[PDB]
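Before any comments, here is the structure.
Every residue, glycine as well, gets a Cβ built from its backbone with ideal geometry; the counts of neighbours run over all protein chains shown. Values in this text are rule-based calculations from the coordinates and carry no lab data.
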Amino acid sequence: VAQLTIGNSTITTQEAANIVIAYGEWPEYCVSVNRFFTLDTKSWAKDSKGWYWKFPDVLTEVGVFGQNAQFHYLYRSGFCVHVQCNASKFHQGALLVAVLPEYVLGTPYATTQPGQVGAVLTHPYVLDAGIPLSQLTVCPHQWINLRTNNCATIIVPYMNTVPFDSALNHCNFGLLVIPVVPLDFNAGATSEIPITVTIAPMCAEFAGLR
Amino acid sequence: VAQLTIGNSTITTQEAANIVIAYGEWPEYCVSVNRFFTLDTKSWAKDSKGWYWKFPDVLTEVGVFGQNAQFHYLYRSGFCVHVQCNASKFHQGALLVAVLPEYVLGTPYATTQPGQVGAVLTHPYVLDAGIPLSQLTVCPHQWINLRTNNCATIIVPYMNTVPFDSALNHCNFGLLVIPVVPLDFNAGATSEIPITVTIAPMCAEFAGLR
Amino acid sequence: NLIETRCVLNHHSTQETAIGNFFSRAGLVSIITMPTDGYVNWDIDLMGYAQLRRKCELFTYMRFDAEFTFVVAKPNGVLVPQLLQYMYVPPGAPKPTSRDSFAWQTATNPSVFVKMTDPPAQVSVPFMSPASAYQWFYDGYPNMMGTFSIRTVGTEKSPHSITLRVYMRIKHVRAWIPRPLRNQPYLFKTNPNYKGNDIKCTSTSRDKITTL
Amino acid sequence: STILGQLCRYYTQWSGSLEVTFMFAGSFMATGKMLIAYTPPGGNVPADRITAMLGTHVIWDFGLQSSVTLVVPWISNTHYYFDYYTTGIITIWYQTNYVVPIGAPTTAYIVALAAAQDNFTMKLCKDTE
């Protein structure tokens with residue numbers, strides 16, 4: 001069990017050498033912006049359906065990354081996402097953690113770009129976009145199975161048709177967490193299992209001239 | 001898991017390389033006396049307060065060490081104390097195991113020097129001596145935490161102002177075991193957890209001319 | 001009805017599933033009538049049909065060229081010696097608003113002049129986007145390629161009804177970032193909306209899990 | 001209640017760094033996460049979890065490590081009844097809730113340990129109250 005230390009924020013995780021790199025490319029170039037931001041915890045219940053967060057809309061009201069994006073015009077960065085779950089050896093279930101570039105929803109501004117809290121899917125069989133859930137694994141994905149492992153890390157590079165873009169209108173990719181196999185337990189245990197997401201930007205550049 | 005063998009008495013313990021040496025000094029000089037004496041087991045309940053044993057008053061009625069001390073005048077030895085606990089992975093609690101040289105009590109002979117059974121503290125917040133419990137860790141101490149470890153070993157050298165002393169009047173140090181965090185469990189488990197102490201003298205000399 | 005025999009043992013070549021071979025064939029993209037105004041406007045639209053919308057939306061970023069071909073006749077087969085004009089308006093130029101507006105004679109809108117009795121005209125159009133590739137999925141808040149305009153040449157009304165069809169091939173294709181295939185019916189041509197009152201499952205159905 | 005707080009009653013000025021060590025004392029079968037946030041001196045107390053995350057903080061999951069340390073960078077004091085005192089605030093935040101299987105108890109306890117660093121000095125001996 002190791003303990004990472006980036007900036008003025010340290011987390012304690014297992015040094016797990018089973019990371020996935022999205023399409024085999026490392027984030028490269030074309031003070032306190034590289035740290036470990038930790039979002040809120042979502043409570044997995046027996047009837048939950050799914051959650052999603054749009055990037056980089058989730059980090060526009062948080063920290064120095066939130067104020068740098070609201071001043072500069074142009075923007076370009078990679079990311080590094082860490083999702084982990086905390087359950088005892090008497091619960092069962094499985095999660096699917098996959099990214100999806102240019103995620104367009106289907107039927108307001110408080111639903112397409114929800115911010116830092118995230119939103120909840122209504123029809124998780126079709127991902128609220130008409131595409132089926134069963135073929136989601138063509139994307140960079142990782143299986144969280146509560147029997148064996150409690151960790152999943154994806155490295156996401158910059159994917160866009162132009163080398164620089166705005167940070168208040170466009171949203172590159174949306175991360176999806178869907179409970180394929182539902183949660184089950186006997187009575188007398190903890191009914192709600194927490195899920196914790198941790199983001200860390202890699203190779204962030206701003207050339208908006210503010 | 002190793003198995004020690006000293007004399008005609010063998011114990012089975014984990015070879016644990018996290019021992020503490022009291023003040024960084026090994027017991028040195030100025031047949032069947034070096035073995036593993038095992039005292040009685042004290043039962044940790046939900047409302048227990050603490051226990052203590054005075055050295056070397058605890059070994060004056062036991063074995064060849066008991067009869068050698070009652071015949072010779074002078075006496076000098078080090079010690080090696082081993083305290084371990086046996087609880088399953090559903091109990092919780094914490095013990096503090098620390099020695100204290102020249103432990104003087106405060107308000108009969110059946111309480112200051114109780115013998116081999118030991119005694120029970122009445123006011124464990126002030127150690128029955130007016131000194132507070134919270135600063136006990138300036139002494140040689142070791143934490144027994146039922147979550148992780150079940151073993152604690154201290155090596156105690158000879159600490160006195162004269163090189164030899166009597167064995168029936170003076171008592172050098174008293175060992176203290178205090179339940180800081182109390183024991184808790186659900187109903188249907190074992191209500192009383194045992195605590196086992198094991199003593200082994202190192203570098204014992206007798207020059208009393210009997 | 002499945003049957004037993006005629007098994008194959010030799011593997012096939014991998015050129016059959018190259019990305020160029022998947023879009024190599026030329027197919028009909030529009031049908032333009034003109035009865036006895038006098039002008040029509042058909043902007044270049046790939047997702048005009050349910051087919052080839054499901055095939056381009058497998059990927060996200062595509063970059064290619066085009067090649068158009070205009071087969072033109074009467075409503076029933078026959079041909080008459082009629083002169084025609086196909087004007088291609090680039091992205092950023094005003095469209096013709098009348099049969100004799102000023103945009104028909106603008107020097108920077110390239111045209112072709114064919115008769116009906118010729119073999120059909122063939123035009124190639126390069127990659128027109130300011131970005132590096134097209135994209136069928138844009139997440140943010142605000143892929144045009146041009147607009148064809150077709151009329152009969154003259155200052156006088158022609159006494160002939162014209163129906164023409166447009167075919168389109170795709171050359172030098174590159175693709176990026178694949179995506180799951182859509183399995184729900186379409187509603188509009190801009191947004192990926194579905195009907196939420198009923199969801200059609202991907203597979204068919206059987207009775208029990210043991211009855212194979 | 002410490003030994004550092006009793007020896008600093010015998011002196012007038014002191015400065016240096018400290019370190020605080022925590023320790024979990026629950027059952028083996030339970031797990032969770034806590035956030036140990038430290039406010040620098042002169043600042044304000046955080047009002048919720050999101051503002052405390054932007055400062056200096058460690059993420060302590062007691063399902064893997066049963067103890068964690070936190071280092072205060074610098075304190076100072078010049079006593080005069082008023083003292084010129086530059087120190088921060090340490091707060092503990094529930095990151096996730098407490099998750100526990102069937103049979104283990106529901107409540108746990110945290111013990112907080114404290115000690116000084118190498119560069120902690122003091123001067124001007126003064127008799128106590």
Hey, what's the per residue convex hull volume over the C-alpha atoms of the protein assembly as shown, in cubic angstrom? 288 Å³
For A:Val33, B:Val120, B:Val181, ascending order of other Cβ atoms within 10 Å (fewest first) is B:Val120, A:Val33, B:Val181
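Restricting to the protein assembly as shown, compute how many DSSP beta bridges are antiparallel as a %, nearest 5. Don't skip to the end; give the middle numbers.
Values: 159 of 166 bridges.
Given both bridge residues lie in the protein assembly as shown, the antiparallel proportion sits at roughly 95 percent.
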Skipping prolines and chain starts, which residues have an amide H placed within reach, meaning under 5 Å, of the one on C:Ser30, given they are 5 or more residues away or on another chain? C:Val166
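How shielded is A:170-176 by partner chains, expressed as the average number of their Cβ atoms within 10 Å of its Cβ atoms? Intermediate results must be reported in sequence, preceding the final value.
Values: counts 4, 4, 2, 2, 1, 0, 0.
For this peptide, the per-residue mean of nearby foreign Cβ atoms is 2.
Taking the Cα centre as origin and putting +1 on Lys and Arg beta-carbons and -1 on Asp and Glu beta-carbons, what dipole magnitude results for the stretch D:9-129, to the nearest 20 debye?
Values: 5 positive and 7 negative charges, 17 e Å.
Magnitude of the dipole: close to 80 debye.
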Given a Förster distance of 41 Å, report the FRET efficiency between B:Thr13 and D:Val45 from their Cβ-Cβ distance, rounded to the nearest 0.05. 0.25
I need the shape label for the stretch A:18-83. Rule: rounded when a/c is under 1.5, else prolate if a/b > b/c, else oblate, with a, b, c from the alpha carbon gyration tensor. oblate
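Please give the charge dipole size of chain A, origin at the Cα centre, charges +1 on K and R Cβ atoms and -1 on D and E Cβ atoms. Round to the nearest 20 debye. Please list the in-between numbers first.
Values: 9 positive and 13 negative charges, 55 e Å.
Around 260 debye, computed over chain A.
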Which peptide among B:126-139, C:6-19, D:27-40 comes first, and what is the full order, when sorted by highest mean count of other Cβ atoms within 10 Å? D:27-40, B:126-139, C:6-19
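Provide C:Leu2, A:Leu209 in ascending order of the number of other Cβ atoms located within 10 Å of each residue's Cβ, fewest first.
On the way: C:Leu2 3, A:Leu209 8.
Going from sparsest to densest Cβ surroundings: C:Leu2, A:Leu209.
Determine the sum of side-chain charges near D:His79: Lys and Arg each +1, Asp and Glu each -1, restricted to other residues whose C-beta is under 12 angstrom from that of D:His79. Can you show the working numbers first?
Details: positive: D:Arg9, D:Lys123, D:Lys126; negative: D:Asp83.
Computed value for this residue: +2.
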FRET efficiency (C:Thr5, A:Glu192; Cβ distance; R0 45 Å; to 0.05) is 0.20
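To two decimal places, what compactness ratio does the stretch C:1-76 give when its Cα radius of gyration is scaled by 2.2 N^0.38 Å?
Details: Rg = 19.5 Å, N = 76, 2.2 N^0.38 = 11.4 Å.
Here the Cα radius of gyration is 1.71 times the empirical estimate.
What is the mean number of Cβ atoms from other protein chains located within 10 Å of the Cβ atom of each residue in peptide B:86-96, rounded to a whole number? Let's see the in-between values first.
Numbers: counts 0, 2, 3, 5, 8, 4, 12, 4, 6, 0, 1.
Other-chain Cβ atoms within 10 Å of each residue's Cβ, averaged: 4.
Could you work out the mean count of beta carbons from other protein chains within 10 Å of each residue's beta carbon in A:60-69?
Other-chain Cβ atoms within 10 Å of each residue's Cβ, averaged: 1.
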May I ask you to sort A:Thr111, A:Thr60, C:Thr36 by Cβ crowding, counting other Cβ atoms within 10 Å and putting the fewest first? C:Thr36, A:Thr111, A:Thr60
The stretch C:1-78 and the stretch C:150-170 have their Cα centres apart by a whole-number Å value of 22 Å
Cβ-based charge dipole, chain B, positive-most Cα from B:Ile131, B:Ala204, B:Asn186: B:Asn186
Quick calc: nm separation of the 7 Å Cα→Cβ label points for C:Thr202 and B:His72 -> 8.4 nm
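Plugging the Kirkwood radius over Cα pairs into Stokes-Einstein for chain B, at a temperature of 4 °C and a viscosity of 1.567 mPa s, what D comes out in µm²/s? The partial results should precede the final answer.
Working: Rh = 18.2 Å.
The diffusion coefficient I find is 71 µm²/s.
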Local net charge near B:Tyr158, Cβ-Cβ under 12 Å (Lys/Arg +1, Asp/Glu -1): -3
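With both partners inside chain B, how many of the DSSP beta bridges are antiparallel, as a percent to the nearest 5?
Of all bridge pairs located within chain B, approximately 95 percent are antiparallel.
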Averaging over all projection directions, find the projected area of the Cα convex hull of chain D and quote it in nm² with one decimal place. 9.8 nm²
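Where nothing but the Cβ of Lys and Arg (+1) and of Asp and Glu (-1) is charged, how large is the charge dipole of chain C around its Cα centre, in debye to the nearest 20?
Approximately 400 debye in magnitude.
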Among the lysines, which fall within straight-line cross-link reach of B:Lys89, defined as a Cα-Cα distance under 25 Å, with same-chain neighbours fewer than 8 residues apart omitted? A:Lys89, B:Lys42, B:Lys46, B:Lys49, D:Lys33
Pick out, from C:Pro94, C:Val112, C:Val8, the residue whose Cα sits farthest towards the positive end of the charge dipole of chain C, with +1 on the Cβ of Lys and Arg and -1 on the Cβ of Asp and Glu. C:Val8
Listed residues C:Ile209, C:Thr190, C:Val72: farthest to the positive end of the dipole of chain C (Cβ charges): C:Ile209
